[PDB]
Amino acid sequence: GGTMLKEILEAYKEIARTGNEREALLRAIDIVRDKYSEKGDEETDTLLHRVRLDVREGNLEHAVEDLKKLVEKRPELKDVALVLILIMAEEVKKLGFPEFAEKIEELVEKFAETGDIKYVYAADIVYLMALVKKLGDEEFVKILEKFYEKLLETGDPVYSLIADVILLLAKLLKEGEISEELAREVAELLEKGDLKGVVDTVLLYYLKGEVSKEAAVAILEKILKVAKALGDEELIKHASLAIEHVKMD
Ligand SMILES: [Zn+2]
Ligand SMILES: [Zn+2]
């Protein structure tokens, strides 16, 4: 929390002064992995092995994915989160977006001289913007920006989950799954305040015969994940009933 985290960023900056932009990441991953190999944690050392291999090969997206999983299961880890944000910032610059890279860099700077996890989550949303900005959508970036602004003034770890749902909608809107109208309706429902009208809209579109049994369950499980970290038991039951109806019946 402000210590043992600023040294990692300082070393990253020294090894990035050259301009390699890839050996600094590997050195930071090494620094993190040494602190967790000296312990008796064999679940994190192997994960950092895989992450370093992915970064060295060039497949940083898999690294950000599995580091995201790690930081979600265990948010106590703060150097792992710092290296995750560094890899996110490095990957964003490869996608072709220089202003999102600047936003993530300032997020790293504010995370180093603090220790609050509320910035890490914010970085995720910025990262997601890049992804959403690459799939083609432009009207989905604004909702993500609104969530990003609302995270930096509330610090709720439940606003990145809605961004994950929006990313899922953007992904399905491209491949050939659920069409534009449902995407816009669900985005509008997730935007304002509704996580219960989303369930009803998905069910209504499923019964009317406009959504497959796989995309509907994907959206419903994402909504259940959002509703399991909000302290709601009148929406966990609703999501469970909807998943039961769509899945089997
Ligand atoms: Zn993996
Ligand atoms: Zn039925």
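Per the PDB record, the structure was determined using cryo-EM to 3.12 Å resolution.

Q: I tried to follow the coordination of the zinc ion (ligand 1) on my own but got confused; where do I start?
A: Metal coordination angles have textbook ideals: 109.5 degrees for a tetrahedral set of four donors and 90 or 180 degrees for an octahedral set of six. Every protein donor of the zinc ion (ligand 1) is accounted for by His62 (NE2) and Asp66 (OD), and the metal-donor separations fall at 2.2 Å. Linking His62 with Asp66, this pair stays in helix α4 (residues 60-73), spanning 4 residues, or about one helical turn. For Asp66, a relative accessible area of 27% translates into the label partly exposed.

Q: Looking at this structure, I do not really get the domain arrangement of the protein. What am I missing?
A: How big an interface is tends to be expressed through the accessible area that disappears when the partners come together. Domains assigned within the protein are domain 1 (1-135) and domain 2 (142-249). Here the C-alpha centre of domain 2 lies 28 Å away from the C-alpha centre of domain 1. Each side of the interface is counted separately: domain 1 has 13 residues, and domain 2 has 15 residues. Carbon and sulfur atoms make up 81% of the surface buried where domain 1 meets domain 2, a total of about 1,400 Å² over both sides. The tally of links between domain 1 and domain 2 comes to 0 salt bridges. Summed over the shared surface of domain 1 and domain 2, the number is 0 residue pairs in polar contact.

Q: Help me understand the nonpolar core, please; the structure alone is not making it clear to me.
A: Proteins that are soluble and globular tend to have nonpolar side chains buried together. Counting residues in hydrophobic clusters, the biggest one holds 104 residues, and the most contacted among them are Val80, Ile87, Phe140 and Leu190. Each of two domains, domain 1 (1-135) and domain 2 (142-249), supplies a minimum of three residues to this core. Here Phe140 is in contact with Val132, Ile166, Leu169, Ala170, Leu173, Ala183, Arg184 and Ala187, once residues within four sequence places are set aside.

Reading the values: rules and limits
Residues numbered from 1 in each chain as written, not as in the entry; some residues may be left out. Chains lettered and ligands numbered in written order. Heavy atoms only, no water. Donors = N, O, S within 2.8 Å, 3.2 Å for Na, K, Ca; no water. Helix = DSSP H or I, 4+ residues; strand = E, 2+ residues; numbered from the N terminus. Buried < 20%, exposed > 50% of the residue type's maximum accessible area, 1.4 Å probe, protein only. Domains from an automatic or database assignment. Contact = heavy atoms within 4.5 Å. Buried area = accessible area lost by both parts, 1.4 Å probe. Salt bridge = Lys/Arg side-chain N within 4 Å of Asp/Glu carboxyl O. Polar contact = N/O pair within 3.5 Å; in protein donor to acceptor, adjacent residues only side chain to side chain. Core = buried A, V, L, I, M, F, W, Y, C linked by side-chain atoms within 4.5 Å.

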